[PDB]
Amino acid sequence: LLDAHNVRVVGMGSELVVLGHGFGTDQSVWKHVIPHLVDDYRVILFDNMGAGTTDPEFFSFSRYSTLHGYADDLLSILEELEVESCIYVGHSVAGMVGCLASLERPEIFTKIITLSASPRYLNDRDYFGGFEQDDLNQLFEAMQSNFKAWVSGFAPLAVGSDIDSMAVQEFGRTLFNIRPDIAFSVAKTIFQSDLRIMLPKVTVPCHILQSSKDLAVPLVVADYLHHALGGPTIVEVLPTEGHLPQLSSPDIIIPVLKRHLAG
């Protein structure tokens, strides 16, 4: 592999840091953040399977029907790279994927930093995730009725900000580039996932980073992960709007992510 996930390892720093991305983008979501990590950290970047920068020959609809397929990829990349010990930074579902990987090898991860991560988008009894199943059905029907019109309305809500903003236009490009059946299946694997039962067995320290205004992750989800993760945790709410604040507001995320990387 490595070439299969477009693994790039840049930097000269002492500490290893792995950067993961969420649905609809790729490792270029960190493009504004990387140059501020190279001096103090050795940065490891990779693309999730199914992304627009990825060959559909390697995407298995059965392997990625659960988030275990994404966690096995992460553990397989760290094995090939001979990673003994690193900090893992995970955006959106990749933050939960990093927690799922720490269940199998907790000694690899000294620290987990989650950005806009949620263990479950579905509401439930005494759990506010944000979405009802009829909200999911309409998003799954609209995604299959007109995939391009769905992207045009999903990207400004996901990133926040204006439709003429550069970040919204770039996320829309990367999201549109996912093959529509692959995008439909991955969106079903992600929006219907429920990782609340694995949280108390996570023993890796997690720094829970969250935007104050995130439409896919309510602010109370950051507090749920604060009490339910079994390892030592801390929460920092970012003064940003949107689910991809490292893309649309990098100048705010850089100092906060840097302080949590060293603390």
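Higher on the page you've got the structure.
Along every chain, residues receive numbers from 1 upward following the written sequence, which is not necessarily the numbering found in the entry; those without coordinates are excluded from display. Values reported for side chains reflect all heavy atoms of the structure, with hydrogen atoms and water molecules removed beforehand.

Caption draft 1: Looking closely at the packing of aromatic side chains. For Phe, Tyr and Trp, rings pair up if their centres lie within 6.5 Å, where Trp contributes its six-membered ring, and each pair is then called stacked (planes under 30 degrees apart), edge-to-face (over 60) or tilted (otherwise). Evaluated as defined, the whole model comprises 13 aromatic pairs. Considering the side-chain rings of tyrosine 127 and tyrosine 224, the 5.1 Å spacing of their centres and the 75° angle between planes classify their relative orientation as edge-to-face. One end of the pair, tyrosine 127, is in the loop between β5 (109-115) and α3 (133-145); the other, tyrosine 224, is in helix α7 (residues 219-228), and 97 residues separate them in sequence. Remark: exposure states derive from per-residue accessible area (1.4 Å probe, protein chains only) relative to the maximum for the residue type, with buried under 20%, exposed over 50%, and partly exposed in between. A relative accessible area of 6% means that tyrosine 127 is categorised as buried. Grouping aromatic residues by their ring pairs yields a cluster made of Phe147, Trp150, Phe154, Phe171 and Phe176. For the purposes of this entry, the term helix denotes a DSSP run of H or I that reaches at least four residues, the term strand denotes a run of E that reaches at least two, and both are numbered from the N terminus.

Caption draft 2: Local environment of unusual backbone geometry. Even without a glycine there, the phi angle at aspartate 126 is positive, about 60°. By secondary structure assignment, the location of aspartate 126 is in the loop between β5 and α3. Taking relative accessible area as the criterion, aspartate 126 reaches 72% and is therefore assigned exposed.

Caption draft 3: Main features of α3. Each residue after the first adds 1.5 Å to the expected span of a helix. The end-to-end C-alpha separation of α3 is 18 Å, in line with the 18 Å expected for 13 residues at 1.5 Å each. Looking at α3, one finds that the buried residues are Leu136, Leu139, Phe140 and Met143. Viewed end-on, α3 has its buried residues packed into an arc of 95°, placing them on one side of the element. Exposed residues pointing more than 90 degrees away from the buried face of α3 are listed as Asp134, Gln138, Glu141 and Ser145. When checking whether two residues touch, look at their non-hydrogen atoms; a contact exists if any pair is within 4.5 Å. In this structure, the buried residues of α3 make contact with α4 (147-159) and α6 (180-191). It is the directions from the helix axis to the C-beta atoms that the arc portrays.

Caption draft 4: Representation of the pattern of salt bridges within the structure. Salt bridges are defined by distance alone: a side-chain nitrogen of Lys or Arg within 4 Å of a carboxyl oxygen of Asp or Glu. A complete count under the given rule lists nine salt bridges for this structure. Between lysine 31 and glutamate 170 there is a salt bridge, and its shortest N-O distance comes to 2.9 Å. Taken together, the residues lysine 31 in the loop between β2 (15-20) and β3 (41-45) and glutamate 170 in helix α5 (residues 166-176) connect sequence positions 139 residues apart. Given a relative accessible area of 23%, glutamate 170 falls into the partly exposed group. Measuring nitrogen to oxygen at the nearest pair gives 2.7 Å for the salt bridge that ties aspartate 73 to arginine 63. Pair noted here: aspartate 73 is in helix α1 (residues 68-80) and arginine 63 is in the loop between β3 and α1, with a separation of 10 residues, a long-range link. On the basis of relative accessible area, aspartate 73 is assigned to the buried category, the value being 7%. Salt bridges here are not isolated pairs; linked through shared partners, they connect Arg120, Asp124, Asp194 and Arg196.

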